[PDB]
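This document opens with one chain alone, in structure tokens, the form solved without the named molecule.
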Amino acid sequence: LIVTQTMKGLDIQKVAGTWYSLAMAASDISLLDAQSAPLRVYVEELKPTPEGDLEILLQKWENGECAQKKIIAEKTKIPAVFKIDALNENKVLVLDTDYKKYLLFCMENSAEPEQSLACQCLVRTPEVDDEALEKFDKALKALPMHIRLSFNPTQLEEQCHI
């Protein structure tokens, strides 16, 4: 937990459904450069199981394909942290989400937080919400982010964002 901010009272059942990864920032340029970057992933939908786990359907550039992956985020004791498995075990921290418009989340790594941590600004619609990106930038002023990608509405609608 290098990330100091976290959602209190998260109703994971309420973040269910579809999302666009409007912004992404990483603590390392190398995590977000080419589309093949290891953290250049595009959320599509968030499926919370009844048991409380969180399915994430994301797009991701695999080879020359915009490949669609599905990652399962297991619940933890903290309602706002989830545990994707398991090259190393990565936490998925939810920082802020009004459920209806935006959702700020970060994945870090337990074994190396500062050298690999990506955060993202999800939004419900394919618009450019400045109130959302501002909150995103507020949350990141305190983090060691070295790359900051931002997409345009027409990019949001294509797969893997172009």
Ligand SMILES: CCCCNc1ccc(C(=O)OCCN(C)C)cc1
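One rule holds for the numbers: they count along the sequence shown, beginning at 1.
Form deposited with the named molecule bound: not shown, discussed below.
Asker: Heavy atom to heavy atom, is residue 84 within 4.5 Å of the named molecule in the entry with it bound?
Answerer: Within the cut-off, so yes.
Asker: Would residue 126 sit within 4.5 Å of the named molecule in the entry with it bound, counting heavy atoms only?
Answerer: Residue-level check for residue 126: no, no contact with the named molecule.
Asker: Determine whether any heavy atom of residue 78 comes within 4.5 Å of a heavy atom of the named molecule in the entry with it bound, and answer yes or no.
Answerer: Close contact is absent here: in the entry with it bound, residue 78 is far from the named molecule, nothing within 4.5 Å, heavy atoms only.
Asker: Using a 4.5 Å cut-off on heavy atoms, what residues in 88 to 103 are near the named molecule in the entry with it bound?
Answerer: Contacts from 88 to 103: 90, 92, 94, 103.
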